[PDB]
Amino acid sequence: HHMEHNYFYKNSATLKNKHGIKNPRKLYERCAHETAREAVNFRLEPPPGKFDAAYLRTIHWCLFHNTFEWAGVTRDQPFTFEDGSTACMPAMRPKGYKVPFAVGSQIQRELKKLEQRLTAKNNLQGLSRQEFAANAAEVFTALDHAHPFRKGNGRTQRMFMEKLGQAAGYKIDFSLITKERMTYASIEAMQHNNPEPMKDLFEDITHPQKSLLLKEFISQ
């Protein structure tokens, strides 16, 4: 427990970061700006053969390394800052209460089980738009629950979905959807055992690209 605090500046609830910012809202704004810039290039990268914990670490590093020393490192892992201090957070405990996200080494076991399900399904390549959306919703819910990093989980997870989609010929567009909707769908699937909303959300954000790109390509 005592190591949790070493993610933050002394006497503050602000995450240590490479910009030196000590206001948590301003940190958020700068972090949003830096990761948006990095996501533009990461979208053009070729996809790996496995969608696993190493790939998630790769995404997290690529998106957050300008902001966080521990970019690419999961929160179950002791991390030592340049300042000498060592941080980790095996359990999310807001206000001292347990919330139902993966704890400790459960993070790695959940990500493993997710790679194994995806690998066995050829990473969802060769499926209809609807069937892809229905599986992709389940993947998204698995990642919600894993919450592998200290911070940056949402953007990391969305990017993982974009790349899985892209490798299957689909644009996954989270800009189509409101925050309130994503929260509703996440809680339904995680707390109320109700997959339908996340399924309907993925049907709304999964758009076939193969044919459009081929048209564009030939016109050019």
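For every residue, the number given is its place in the sequence shown, counted from 1.
- In this entry, 210-218 shows the higher mean Cα temperature factor of the pair 210-218 and 4-12.
- For the pair 137-145 and 97-105, the mean B factor over Cα atoms is greater in 97-105.
- The maximum CA B-factor among the listed residues 159, 185, 53, 36, taken from the PDB record, is found at 36.
- Each of 71, 87, 111, 92 has a CA temperature factor in the record; the biggest one is found at 92.
- In the deposited entry, the Cα temperature factor of residue 66 sits in the middle third of values across the chain's modelled residues.
- Among the modelled residues of its chain, residue 42 has a C-alpha B-factor that falls in the middle third, as given in the PDB entry.
- When the modelled residues of the chain are ordered by their C-alpha B factor, residue 174 lands in the lowest third.
- Annotation for residue 125: CA B-factor lies in the highest third of the chain's modelled residues.
- For residue 154, the recorded CA B-factor ranks within the lowest third of the chain. Only modelled residues enter the ranking.
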